[PDB]
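Taking the form deposited in one PDB entry, here's one chain by itself in structure tokens.
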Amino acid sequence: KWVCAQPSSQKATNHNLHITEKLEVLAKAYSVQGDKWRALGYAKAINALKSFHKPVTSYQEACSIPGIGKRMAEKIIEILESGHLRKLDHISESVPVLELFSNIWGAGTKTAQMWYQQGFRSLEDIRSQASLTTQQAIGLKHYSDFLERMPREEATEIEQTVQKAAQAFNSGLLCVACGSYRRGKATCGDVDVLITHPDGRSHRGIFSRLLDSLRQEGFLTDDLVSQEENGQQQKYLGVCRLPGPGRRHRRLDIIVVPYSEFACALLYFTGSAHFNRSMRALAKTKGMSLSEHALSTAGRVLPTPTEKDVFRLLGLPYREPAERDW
């Protein structure tokens, strides 16, 4: 019953599309209002519906699906029998505004709520009257770019620009696009670049020089999260734009990790997000702990040279990245 234990290709044959589309609207509404645990239950139910092997015929049949309970089976049959979901007609008027505000990179549910209770209703209100962090100011000026997904091929060019720049300093550096790119998706919301060195030595100073190299050449246009540490890993989030006409500003995430942590970092950064949460929860039930750095016990780091070792240690069959798209 664990998502991390099954191939996400089951979702490709979604036999209940018009039901999950309406539930997705409700899930998004609960999210932007900060009710994260109710949102999480809807997300879980929707993946369960997407991978069910047939159309849901009845209340009893919907309840036979792990992740579907009484209240969800009720809504499934309401849609199945009426083509409509009455719950959608009573969503608060604030929700689309809170969604608009939380689409700004750097403004979450609490910031969106604060701006709404100040009377703000549009982006023009935020621009002219809201006090913005430097991050939110960059998220606001690239609002429409950051909402658009990029073709697979553009992410390739972005990773290549980072790779060649990193290898100009040390030709041994290994660079890998992760996230939705490594999962084989046709489009990517951002580019997630994982960097390590197989010599196993610490390379503290290279990252700083890599980032200035990308700024000096005009590729990096803004910082969102400047270089920072996470244990022995280093992380940067920023804004790049490929050269030439008709290019959008794209978000770029770069993590540098010691080789000893490569498999677990690669596993995390490949996702999906719900795959990771499912897998980490499974580890917790087995007295273990899974993070970006390591698989541990309740803490002894267990040796994980490759992703397959994590799957094995958790009793899970291996899944190619494309089968983790939950």
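So that there is no doubt, residue numbering starts at 1 and follows the sequence shown. Definition used throughout: the rigid core is the maximal C-alpha set that superposes within 1.5 Å between two forms.
Where coordinates are absent for parts of the deposited sequence, a chain break appears; between neighbours residue 298 and residue 299 it spans 10 or more residues. Higher mean CA temperature factor between 73 to 81 and 230 to 238: 73 to 81, per the PDB entry. On average the C-alpha atoms of 285 to 293 have higher B-factors than those of the other stretch, with 285 to 293 and 271 to 279 being the two compared. The maximum CA B-factor among the listed residues 109, 144, 92, 103, taken from the PDB record, is found at 92. When all modelled residues of the chain are sorted by CA temperature factor, residue 211 is found within the middle third. In the PDB entry, residue 166 places in the lowest third of its chain by CA B-factor.
In the PDB entry, residue 182 places in the lowest third of its chain by CA B-factor. Among all modelled residues in this chain, the alpha-carbon of residue 138 has a temperature factor (C-alpha) in the middle third. In the PDB entry, residue 191 places in the lowest third of its chain by CA B-factor.
What follows is about the form deposited in another entry, which we do not show.
Considering 243, 231, 184, 108, one residue stands apart with a C-alpha shift of at least 2 Å between the shown form and the other one following superposition on the core, and it is 231. Put simply, residue 231 and residue 311 spread apart in the other form: their C-alpha atoms are 3 Å or more farther than in the form shown. Relative to this conformation, a decrease of 3 Å or more in the Cα-Cα distance between residue 233 and residue 224 is found in the other form.
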